[PDB]
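Shown here is one chain on its own, the form deposited in one PDB entry, set out as C-alpha cells.
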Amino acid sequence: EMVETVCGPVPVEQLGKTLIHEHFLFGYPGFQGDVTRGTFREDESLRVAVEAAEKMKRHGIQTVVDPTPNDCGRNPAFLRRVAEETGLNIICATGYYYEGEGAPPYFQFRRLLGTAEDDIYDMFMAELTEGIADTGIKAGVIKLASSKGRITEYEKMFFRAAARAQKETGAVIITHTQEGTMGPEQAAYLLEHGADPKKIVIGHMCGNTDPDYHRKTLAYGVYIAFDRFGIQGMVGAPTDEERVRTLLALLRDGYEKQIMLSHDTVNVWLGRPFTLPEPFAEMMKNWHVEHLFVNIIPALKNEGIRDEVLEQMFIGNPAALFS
C-alpha cells in the first residue's frame, strides 16, 4: 500500500504514470578524483534536474524511479530538493553497480575478511528501513547489476543479500544487464534464493534484439524493462528501431503486463563535462526524458499499439510492481 520516496511514504495507488529508470545525477566511479576540474555545482545542477522533472510532468509523469548506484554518486538529499521543488515523486535505490564499471575494491576487501555479504545485507536493511546516511530518506528499491556474459563472484554477493532483504522487506529489485546478457540467469539466480518474481524488474532488456531471449526471461514471471530508449551506438546499444521491433513482437505476443519503458537518462553528469565526438553525438541526440513521449510512443501507435496497452505499461505495471 505505501512506497518510500525521497519525500517519505506515498500510496502506491497515487504513483500514476511512471518512468521506471532515469538518473537525475550519475558519475562513473573515480569521478570524485577529478573534483578540481569537475566540481559539482549545486545551483546549476538543481536547475537542470528541476527542468528535467518539469519536462516529464508535461507528459503526465508523476513518479520516477532513480536507481543510481551507491558507488555512482547517488545523492538522495539532492533528489529530495528536486521533488520538493516540482512535486514529482522520486524513488531511489540502495545497491552497487556491476564489477566492470563499479567500485569493487571496498567490498572485495570485505569479502577477503569474510563479512562482505552480511555487510551488504546490513546496508540494504538500513537503507530500506531506517534511512540513508543522515538524510532520513529510505530507498524504495534495491539495485542490482551484472557483467557482460556472467554474474561475477562479487556481483553474486549483492544478489544474495538482495534476495534476503527482499524476503524481509518486500522491497522491489531493479537490475542492470550488461550488453544484452544474463537476463534469464539473473531471474533464475534471484528466484533460486527465494526472491519474488512479481517484485523484480530485469533491466536493459532492450539491449538484446532476439525475442526468444526476452521470452525466456519472461517465463520466470518477472518484469522486464526496455529502459534505454535514445541510447544508440554506445555501450553496445542497438538502435531505437531495433528496440521498437523487439518490443512490438512481445506486445503482439500479449506480454504487456510484464513490460515497462524508460530512457536511462543521465541529466547531470558528475565529474568533468565532456562532449561526444561525431558520429556518436548525432546517434545519441534523442537521449532525453521526452523521447518516449515525442517519438517512441507515436511510433508504437503508428504500428497499432493501443492506449490501454500503453497505460498498462506506464501506470498499471508500476502500481502492481510496488503493491
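Rigid core: the largest C-alpha set superposing within 1.5 Å between the two forms. Only residues modelled in both forms are compared. A residue's number is simply how far along the shown sequence it sits, counting from 1.
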Problem - Mean C-alpha B-factor comparison - 40 to 48 and 262 to 270, higher one - result: 40 to 48
Handout entry: 229 to 237 versus 189 to 197 - which carries the larger mean C-alpha B factor in the record
Key = 229 to 237
Problem - Out of 168, 71, 155, 122, residue topping the C-alpha B-factor column of the entry - result: 168
Problem - Residue selected from 203, 105, 211, 76 by maximal Cα B factor - result: 211
Fill in the blank from the handout: Sorting the chain's modelled residues by C-alpha B-factor and splitting them into thirds places residue 290 in the middle
Exercise for the section: Please rank the C-alpha B-factors of the chain's modelled residues and tell me whether residue 281 sits in the lowest, middle or highest third. Expected result: highest
Completion exercise
So, residue 17's CA B-factor, relative to its chain, sits in which third? The middle
Practice task
Would you mind ranking residue 25 by its C-alpha B-factor against the rest of the chain and naming the third, lowest, middle or highest?
Solution key: lowest
Fill in the blank from the handout: Quick tally, chain-level thirds of C-alpha B-factors: residue 83 sits in the middle
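The same protein has a further form, the form deposited in another entry, not shown here; the description that follows concerns it.
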Exercise for the section: Would you indicate which listed residue, out of 77, 219, 235, 133, moves its Cα by 2 Å or more between this form and the one not shown relative to the superposed core? Expected result: 235
Handout entry: Rigid core fit then residue 102 CA moved by 2 Å or more between this form and the one not shown
Key = yes
Exercise for the section: Based on a C-alpha change of 3 angstroms or more, tell me if residue 103 and residue 64 lie closer or farther in that other deposited form than in the shown form. Expected result: farther
Problem - Sense of the change in Cα distance from residue 213 to residue 236 in that other deposited form - at least 3 Å versus the shown form - result: farther
Exercise for the section: Pull up the moving segments between this form and the one not shown: at least three consecutive residues, every CA shifted by 2 Å or more, rigid core held fixed. Expected result: 101 to 104, 233 to 236
